[PDB]
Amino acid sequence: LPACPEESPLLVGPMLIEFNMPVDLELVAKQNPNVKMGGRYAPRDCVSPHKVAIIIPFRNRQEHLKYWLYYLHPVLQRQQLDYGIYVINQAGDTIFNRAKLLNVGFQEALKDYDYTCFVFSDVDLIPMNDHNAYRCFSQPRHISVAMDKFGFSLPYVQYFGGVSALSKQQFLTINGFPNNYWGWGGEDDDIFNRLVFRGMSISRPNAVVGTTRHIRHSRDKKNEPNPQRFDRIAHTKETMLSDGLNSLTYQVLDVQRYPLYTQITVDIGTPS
């Protein structure tokens, strides 16, 4: 097979996004015949240079996930990616740890296939334009740049939350993400710091292409704003050296291969 073209000729641009209708994954699976068990897909007519693992931090967000799958699967295939979907389900009912789950995703997906690109996406963010590439670039990529909840612009210029993409080398260079941001807030800013402290800069599509929708939702219990976040982001340069991939442990409790995604249920513990 020849290499796929540099830019996909299948993209249609702006799309209409809605979250007020029910979603039936069995139907979605039928609508997406070429997506194999575990939510895997690669174009059959050409070889994609983008071997992407999409990592979603998760717990009790099945409804949002259904919307995510319904909308992203068609987009990822049009982008001609060799990809896999991984939902990292946090076992238990103790304080949520978004970034630690993301690290588990990176490590576990690598055991599946030689992925060289990682897209980290919150479960409730849907891209509105398929020209917003869900793959890696020469520099870390911020994808959800113009979310409706922020007035279709960045909340601040160093904002790196929501959806982003790091190549395997970029991720390894920053020792992955921090493992000690329990509860809401700051871990995305810590990650931004790690990238800068390792000589990188943020790459972003323009504001129109980067338009993204956030599914309105209320506060989840067990992910209360972390009071130590402001203090933690002030010391990233020092703490990233020993807190991240090189200090990670967890226990996978179960791996489920669903038609549209692989769900890894994992015990990431509590604060130490």
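All residue numbers refer to positions in the sequence shown, first residue = 1. The term rigid core refers to the most C-alpha atoms you can superpose between the two forms while keeping them within 1.5 Å.
After superposing on the rigid core, the larger RMS C-alpha deviation in 6 other deposited structures of this protein belongs to 183 to 191, the other candidate being whichever of 139 to 147 and 183 to 191 remains. After superposition on the rigid core, the larger root-mean-square Cα deviation in 6 other deposited structures of this protein belongs to 234 to 242, not to the other of 25 to 33 and 234 to 242. Modelled in this chain, residue 45 is likewise built in all the other compared entries whose models extend past it on both sides, so a third of them omitting it does not occur. For residue 214, the record comparison shows coordinates present in all the other entries of this protein that model its neighbours, with no third of them leaving it out. The deposited model assigns a higher average Cα B-factor to 219 to 227 than to the other stretch when 219 to 227 and 234 to 242 are compared. Higher mean CA temperature factor, per the PDB entry, when comparing 254 to 262 with 15 to 23: 15 to 23. Taking the PDB entry at face value, the top CA B factor among 193, 158, 80, 94 belongs to 94. Sort the modelled residues of the chain by CA B factor and residue 204 lands in the lowest third.
The entry lists a Cα temperature factor for residue 69 that places it in the middle third of the chain's modelled residues.
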